[PDB]
Amino acid sequence: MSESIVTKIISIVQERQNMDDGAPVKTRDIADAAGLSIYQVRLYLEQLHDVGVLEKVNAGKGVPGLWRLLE
């Protein structure tokens, strides 16, 4: 293991939607809590997405994108 910051991100994702109750996590908010840039963050999120960890809760284009865990 070496990702470290990525694990922190995953923790933030779980704990956020936990506090949002019925709403998923916000791409920005993950960057705020972690203290990172939107691009860097969405990279980690998208990789975790395609491997099954996270799912894209969004209408499509023109939206900030909401992230929710499943696998």
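Per the deposited record, determination of this structure is attributed to solution NMR.

Trainee: Can you help me understand the overall build of the chain in this one?
Mentor: When helices and strands are counted, the chain shows three helices and three strands. Compactness check: the chain gives a C-alpha radius of gyration of 11 Å against a globular reference of 11 Å for 71 residues, within 12% of the reference. Projecting the C-alpha coordinates of the chain onto the three principal axes gives extents of approximately 35 × 25 × 25 Å. In the chain, which comprises 71 residues, the proportion classed as buried is 30%. Carbon together with sulfur atoms contributes 51% to the accessible area of the chain, which is approximately 5,000 Å² in total. Once the 8 positive and 10 negative side-chain charges of the chain are each reduced to a mean point, those two points are 6 Å apart.

Trainee: Looking at this model, I keep getting lost on the pairing of strand β3 (residues 66-69). Mind explaining?
Mentor: Residues in a regular strand point their side chains to alternate faces of the sheet. In this structure, strand β1 (residues 25-26) lies alongside β3, joined through two bridges in antiparallel fashion. Within β3, the residue paired with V25 across the bridge is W67. Bridge count for strand β2 (residues 54-57) against β3 is four bridges, and the pairing is antiparallel. Residue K56 lies in a different strand from β3, and its bridge partner there is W67.

Trainee: How should the packing of helix α1 (residues 5-20) against helix α3 (residues 38-50) be read in this particular structure?
Mentor: Helix packing for two helices is described by the angle between their axes and how far apart those axes are. Contact pair α1 / α3: the axes reach a minimum separation of 11 Å and the direction vectors enclose 75°. Compared by their axis directions, α1 and α3 come out roughly perpendicular. On the side of α1, the interface is formed by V6, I9, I10 and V13, while α3 contributes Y44, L45 and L48. Per-class residue counts for the contact of α1 with α3 are seven nonpolar, no polar and no charged.

Rules used in this analysis
Residues numbered from 1 in each chain as written, not as in the entry; some residues may be left out. Heavy atoms only, no water. Helix = DSSP H or I, 4+ residues; strand = E, 2+ residues; numbered from the N terminus. Rg over C-alpha atoms; globule rule 2.2 N^0.38 Å. Buried < 20%, exposed > 50% of the residue type's maximum accessible area, 1.4 Å probe, protein only. Areas by Shrake-Rupley, 256 points an atom, 1.4 Å probe, with all protein chains shown as cover. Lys, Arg positive; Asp, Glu negative; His and termini not counted. Charge placed at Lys NZ, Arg CZ, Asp CG, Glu CD. Pairing = 2+ DSSP bridges. Axes fitted to C-alpha atoms, helices over the stretch in contact; angles between N-to-C directions. Parallel < 35°, antiparallel > 145°, perpendicular 65-115°, else oblique. Contact = heavy atoms within 4.5 Å. Nonpolar A, V, L, I, M, F, W, Y, C, P; charged D, E, K, R; others polar.

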